[PDB]
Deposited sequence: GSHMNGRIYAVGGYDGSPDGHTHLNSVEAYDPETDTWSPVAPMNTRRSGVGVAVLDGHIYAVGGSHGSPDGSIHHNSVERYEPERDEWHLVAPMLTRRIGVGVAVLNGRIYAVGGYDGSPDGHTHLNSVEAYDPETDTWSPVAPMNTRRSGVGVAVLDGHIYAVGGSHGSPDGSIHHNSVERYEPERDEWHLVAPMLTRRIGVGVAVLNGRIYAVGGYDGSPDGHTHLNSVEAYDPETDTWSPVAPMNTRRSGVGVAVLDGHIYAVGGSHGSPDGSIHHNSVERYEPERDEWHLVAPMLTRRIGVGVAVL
């Protein structure tokens, strides 16, 4: 499909652009009702949700009509929030309330309501979140520590820390592993991968560019590192363990949310 880059800071942006890998081109799409940076983005039922980022409203993009619609606001304001989709709900994890948050809340589109979920062990903003094997992982934040949420028990459990502390880290899942990309410690070009079978982190080739506030998405078996600091965008090829530059975005975006639709 396409990689959508939502919001971020340049001012805080309400603009959205979409990347076509077949043409290696970024194209404008309809802008959001609200300017957002440190925004979380996730895909549920063919819509992109833009969660938080202030600048506690939530909005939903319908690609067929190219428009953003408002939906129920979150119970807590959150900037630097991590967002993931698990079992038909959108989870908003941590962030900063203009206090760093350990709270978590879940959105049900069937009822258009947000509900509190068990809080994390650790307060985290600029946190990366990703879903692997039925669990939500919360990576880094304001930390090298990592935790895993299980919905059936509604509990956060600890897992192995990363080798490097990262705030503003981008996270995505490829071939059974969680990749943690960039962040701030100085801004990092380093990347590490988490294997849930062994509960261990391993080195990955570093990016060409240092990035924090970076968005990460997986399209066609490749990881894209979008923004985070120009307008550079790189793609990872796992078979060669190398990062290569692709077309840059039309706009600089730090604290961008990225999703594939």
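Missing from the model, by position in the deposited sequence, are residues 1-5, 16-21, 67-75, 119-123, 168-176, 220-225, 270-278.
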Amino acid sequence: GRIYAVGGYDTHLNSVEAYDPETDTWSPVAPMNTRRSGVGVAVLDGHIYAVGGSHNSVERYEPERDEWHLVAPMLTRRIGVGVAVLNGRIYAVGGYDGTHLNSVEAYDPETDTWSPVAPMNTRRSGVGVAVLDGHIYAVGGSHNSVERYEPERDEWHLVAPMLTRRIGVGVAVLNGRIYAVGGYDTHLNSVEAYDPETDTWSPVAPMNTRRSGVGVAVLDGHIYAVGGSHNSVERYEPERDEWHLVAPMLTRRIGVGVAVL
From here on, numbers count along this sequence of modelled residues.
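Between 147-155 and 120-128, the higher mean Cα B-factor belongs to 147-155. Relative to its counterpart among 45-53 and 230-238, 230-238 has the higher mean temperature factor, C-alpha atoms as listed in the PDB entry.
The entry lists a Cα temperature factor for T34 that places it in the highest third of the chain's modelled residues.
In the deposited entry, the Cα temperature factor of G7 places it in the lowest third of its chain's modelled residues. Looking at the C-alpha B-factors along this chain, the one for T198 belongs to the highest third. Ranked by Cα temperature factor within the chain, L261 sits in the highest third according to the deposited record. Per the deposited record, the Cα B-factor of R60 falls in the lowest third when ranked against the other modelled residues of its chain.
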